[PDB]
Amino acid sequence: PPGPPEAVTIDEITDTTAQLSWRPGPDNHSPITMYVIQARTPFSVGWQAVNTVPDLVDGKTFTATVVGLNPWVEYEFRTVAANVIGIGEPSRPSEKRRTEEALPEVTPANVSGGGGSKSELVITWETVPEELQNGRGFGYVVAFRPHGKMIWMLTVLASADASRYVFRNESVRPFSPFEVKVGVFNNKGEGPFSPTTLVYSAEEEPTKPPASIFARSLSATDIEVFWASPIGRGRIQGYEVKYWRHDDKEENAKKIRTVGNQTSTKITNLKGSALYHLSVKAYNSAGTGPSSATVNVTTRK
């Protein structure tokens, strides 16, 4: 296998391209027939191969152009020569050198949203990776409009780390569809927008209480509670069961929550031969509804 090539230098650097040069290393009694070039950045995971011109570098070429680099990233480079035997030892790395800035080009992935409290529209996205921001002053532009309308409303978020925006206004009807895209910008200029997606605003909280509530004591620490769903009313994600010992204030109560359609539950780790008060509430992404009547049950022993 071949020895390490030497003297890797960065002769030119633009926003996405660099011109590199190097000098041959010992070939170890076998003809050197190829050079490959690797790059390392703070964000790459160690050394990676790069695209070059010529797309394949022979053993006679000691300089080459590297393409498809990220704007505004710090780069080191090294070269490796190859024999017929195998791949050689990597060179020592070149000096570090930062590419120039450019317009941003990558929009955030997984633009979505939903939920929230009354009068809200909740919009979420994944922050654009740092090696893809292409320059200082990187931020987002959240564009949203009611489905069926023409005017886009625009919010700027100066912070590259922003992953979430909440719009609240009386104009927002409950569970209404908005068209949503998220764009990017940096000091060099404005970049593209994500593909439009549909996001629904916050839904209405439950409006009716659970009915037909009662409980049964099983052991001295376990009771069972049953209710019926309300009739009419809102969407219901589960129930909040609220319980407290006869000797505590109601505001000291513990709460457990329920997910799905179960219209019953089981409370544990209670004190025996003691009275307990309970009440149930429906909830959804927007909050909780009215409370059932309070029911009274005593533990077994």
# chains A, B, ... in the order shown; residues from 1 in each chain; ligands from 1
$ residues_around --residues "segment 194-197 of chain A" --least-positions-apart "2" --cutoff "12 Å" --atoms "only C-alpha atoms" --output "count of residues only"
36
$ closest_atom_pairs --of "segment 141-224 of chain A" --to "segment 69-86 of chain A" --cutoff "12 Å" --atoms "only C-alpha atoms" --output "Markdown table"
| residue | atom | partner | partner_atom | distance |
| --- | --- | --- | --- | --- |
| A:186 | CA | A:72 | CA | 11.3 |
| A:187 | CA | A:72 | CA | 11.6 |
| A:188 | CA | A:71 | CA | 11.0 |
$ residues_around --residues "residue 217 of chain A" --least-positions-apart "4" --cutoff "8 Å" --atoms "only C-alpha atoms" --output "MDAnalysis selection string"
chainID A and resid 222:224 297:300
$ write_last_selection --atoms "C-alpha atoms" --output "JSON list (two decimals), in the first residue's frame"
[["chain", "number", "residue", "atom", "x", "y", "z"],
["A", 222, "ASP", "CA", -57.55, 0.01, 45.38],
["A", 223, "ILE", "CA", -60.82, 1.45, 44.05],
["A", 224, "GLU", "CA", -62.56, 1.38, 40.69],
["A", 297, "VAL", "CA", -66.31, 6.07, 48.47],
["A", 298, "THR", "CA", -64.56, 4.42, 51.42],
["A", 299, "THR", "CA", -61.65, 1.98, 51.24],
["A", 300, "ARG", "CA", -62.08, -1.56, 52.54]]
$ atom_distance --atom1 "atom CA of residue 155 of chain A" --atom2 "atom CA of residue 116 of chain A"
18.1 Å
$ select_by_dssp --residues "segment 168-227 of chain A" --states "strand (DSSP E)" --output "NGL selection string"
:A and (168 or 177-186 or 189-193 or 197-200 or 211-217 or 223-227)
$ write_last_selection --atoms "N, CA, C and O atoms" --output "CSV table (one decimal), in the first residue's frame"
chain,number,residue,atom,x,y,z
A,168,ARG,N,-52.0,33.6,17.9
A,168,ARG,CA,-53.3,33.6,18.6
A,168,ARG,C,-54.0,34.9,18.3
A,168,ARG,O,-53.4,36.0,18.2
A,177,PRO,N,-58.7,25.0,9.2
A,177,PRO,CA,-57.5,24.7,8.4
A,177,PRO,C,-56.8,25.9,7.9
A,177,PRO,O,-57.5,26.8,7.3
A,178,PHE,N,-55.5,26.0,8.1
A,178,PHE,CA,-54.6,27.0,7.6
A,178,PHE,C,-53.6,26.4,6.6
A,178,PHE,O,-53.1,25.3,6.9
A,179,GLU,N,-53.3,27.1,5.5
A,179,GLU,CA,-52.1,26.7,4.7
A,179,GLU,C,-50.9,27.3,5.4
A,179,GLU,O,-50.9,28.5,5.8
A,180,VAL,N,-49.9,26.5,5.5
A,180,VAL,CA,-48.7,26.8,6.2
A,180,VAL,C,-47.4,26.4,5.4
A,180,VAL,O,-47.3,25.3,4.9
A,181,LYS,N,-46.5,27.4,5.3
A,181,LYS,CA,-45.2,27.1,4.8
A,181,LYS,C,-44.2,27.8,5.7
A,181,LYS,O,-44.5,28.8,6.3
A,182,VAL,N,-42.9,27.3,5.8
A,182,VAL,CA,-41.9,28.0,6.5
A,182,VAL,C,-40.7,28.2,5.6
A,182,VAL,O,-40.1,27.3,5.2
A,183,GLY,N,-40.3,29.5,5.5
A,183,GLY,CA,-39.1,29.8,4.7
A,183,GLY,C,-37.9,30.1,5.5
A,183,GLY,O,-37.9,30.1,6.8
A,184,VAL,N,-36.7,30.3,4.9
A,184,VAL,CA,-35.5,30.6,5.6
A,184,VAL,C,-34.8,31.8,5.0
A,184,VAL,O,-35.0,32.1,3.8
A,185,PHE,N,-34.0,32.5,5.8
A,185,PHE,CA,-33.2,33.6,5.3
A,185,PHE,C,-31.9,33.7,6.1
A,185,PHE,O,-31.7,33.1,7.1
A,186,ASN,N,-30.9,34.4,5.5
A,186,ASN,CA,-29.7,34.8,6.3
A,186,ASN,C,-29.2,36.2,5.8
A,186,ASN,O,-29.8,36.7,4.8
A,189,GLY,N,-29.4,37.0,2.1
A,189,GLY,CA,-30.7,37.2,1.5
A,189,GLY,C,-31.8,36.2,1.9
A,189,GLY,O,-31.6,35.4,2.8
A,190,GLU,N,-32.9,36.3,1.2
A,190,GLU,CA,-34.1,35.5,1.5
A,190,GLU,C,-33.9,34.1,0.8
A,190,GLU,O,-33.4,34.1,-0.4
A,191,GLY,N,-34.3,33.0,1.4
A,191,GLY,CA,-34.3,31.7,0.8
A,191,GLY,C,-35.7,31.3,0.5
A,191,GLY,O,-36.6,32.0,0.7
A,192,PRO,N,-35.8,30.0,0.0
A,192,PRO,CA,-37.1,29.4,-0.4
A,192,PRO,C,-38.0,29.0,0.8
A,192,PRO,O,-37.6,29.1,2.0
A,193,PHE,N,-39.2,28.7,0.5
A,193,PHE,CA,-40.2,28.2,1.4
A,193,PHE,C,-40.4,26.7,1.3
A,193,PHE,O,-40.3,26.2,0.2
A,197,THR,N,-48.2,23.0,3.6
A,197,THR,CA,-49.0,21.9,4.3
A,197,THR,C,-50.2,22.4,4.9
A,197,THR,O,-50.4,23.6,5.1
A,198,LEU,N,-51.2,21.5,5.3
A,198,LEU,CA,-52.4,22.0,6.0
A,198,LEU,C,-52.2,21.7,7.5
A,198,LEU,O,-51.9,20.5,7.9
A,199,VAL,N,-52.4,22.7,8.3
A,199,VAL,CA,-52.4,22.6,9.7
A,199,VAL,C,-53.7,23.2,10.3
A,199,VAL,O,-54.2,24.2,9.9
A,200,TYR,N,-54.3,22.4,11.2
A,200,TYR,CA,-55.6,22.8,11.8
A,200,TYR,C,-55.4,23.6,13.2
A,200,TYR,O,-54.5,23.2,14.0
A,211,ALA,N,-71.1,11.7,32.7
A,211,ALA,CA,-72.3,11.4,33.5
A,211,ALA,C,-72.3,10.0,34.2
A,211,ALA,O,-71.3,9.3,34.1
A,212,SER,N,-73.4,9.7,34.9
A,212,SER,CA,-73.5,8.3,35.4
A,212,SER,C,-72.3,7.8,36.3
A,212,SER,O,-72.0,6.6,36.3
A,213,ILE,N,-71.7,8.7,37.0
A,213,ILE,CA,-70.5,8.4,37.7
A,213,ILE,C,-70.7,7.6,39.0
A,213,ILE,O,-71.7,7.9,39.7
A,214,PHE,N,-69.9,6.7,39.3
A,214,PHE,CA,-69.9,6.0,40.6
A,214,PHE,C,-68.6,5.2,40.8
A,214,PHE,O,-67.8,4.9,39.8
A,215,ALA,N,-68.3,4.8,42.0
A,215,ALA,CA,-67.0,4.1,42.3
A,215,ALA,C,-67.3,2.9,43.2
A,215,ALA,O,-68.2,2.9,43.9
A,216,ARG,N,-66.3,2.0,43.2
A,216,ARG,CA,-66.4,0.8,44.0
A,216,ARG,C,-65.1,0.5,44.7
A,216,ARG,O,-64.0,0.7,44.0
A,217,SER,N,-65.1,0.2,45.9
A,217,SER,CA,-63.8,0.0,46.7
A,217,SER,C,-63.5,-1.5,46.5
A,217,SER,O,-64.4,-2.4,46.8
A,223,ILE,N,-59.4,1.3,44.4
A,223,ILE,CA,-60.8,1.5,44.0
A,223,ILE,C,-61.0,1.5,42.5
A,223,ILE,O,-60.0,1.8,41.8
A,224,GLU,N,-62.2,1.3,42.1
A,224,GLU,CA,-62.6,1.4,40.7
A,224,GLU,C,-63.6,2.4,40.4
A,224,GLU,O,-64.6,2.6,41.2
A,225,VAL,N,-63.4,3.2,39.4
A,225,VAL,CA,-64.3,4.3,39.1
A,225,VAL,C,-64.8,4.2,37.6
A,225,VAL,O,-64.1,4.0,36.7
A,226,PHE,N,-66.1,4.4,37.5
A,226,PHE,CA,-66.8,4.3,36.3
A,226,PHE,C,-67.6,5.6,36.0
A,226,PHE,O,-68.1,6.3,36.9
A,227,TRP,N,-67.8,5.9,34.7
A,227,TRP,CA,-68.6,7.0,34.3
A,227,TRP,C,-69.0,6.7,32.8
A,227,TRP,O,-68.6,5.7,32.2
